[PDB]
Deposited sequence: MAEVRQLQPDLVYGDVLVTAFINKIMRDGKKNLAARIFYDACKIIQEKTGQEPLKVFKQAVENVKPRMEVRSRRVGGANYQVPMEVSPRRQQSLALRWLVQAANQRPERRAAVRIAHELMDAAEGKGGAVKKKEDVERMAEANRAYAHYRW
């Protein structure tokens, strides 16, 4: 990936690609930088640092991976590659923000990022559940 325009960061670009729909990088980028503005205005913190901490806190280290082998579906406990840690982290961040109550996407994103950076919210909860599952007889 190419580093983003404002922060010259590739993780930002991958997130903007997640937020993107209809191939409108134009709108996506504006959405992300507005979210950043909202973070700064509301916290006084540097939004890039908040975004990065949010992503780090949502990164799963272990997971029960769904995999098809020889025509059958299996669930394999395993460590998550750094590549997949990022894809899962960005996916869950966007999925959670997508269900936030606010009308503006930038606001939903800013609110999800701030929560995750503080170690709370649905994205972080998903990560915790995934690692918990990865770490019997009748399975519960």
Self-check item: Unmodelled ranges, which are counted on the deposited sequence from position 1 and given in order
Solution: 1 to 6, 142 to 146
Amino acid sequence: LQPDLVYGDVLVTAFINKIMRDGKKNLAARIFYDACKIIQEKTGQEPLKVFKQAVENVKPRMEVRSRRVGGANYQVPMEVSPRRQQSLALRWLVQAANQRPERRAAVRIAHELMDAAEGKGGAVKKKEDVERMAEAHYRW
From here on, numbers count along this sequence of modelled residues.
Quiz prompt | Between 57 to 65 and 41 to 49 (mean CA B-factor, as deposited), the higher | solution = 41 to 49
Quiz prompt | Of 74 to 82 and 105 to 113, the stretch whose C-alpha atoms average the higher B-factor in the entry | solution = 74 to 82
Quiz item: Sorting the chain's CA B-factors, does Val124 end up in the lowest, middle or highest third?
Solution: lowest
Quiz item: Should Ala28 be placed in the lowest, middle or highest third of its chain by the C-alpha B factor in the entry?
Solution: highest
Quiz item: Ranked by Cα temperature factor within the chain, is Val130 in the lowest third, the middle third or the highest third?
Solution: lowest
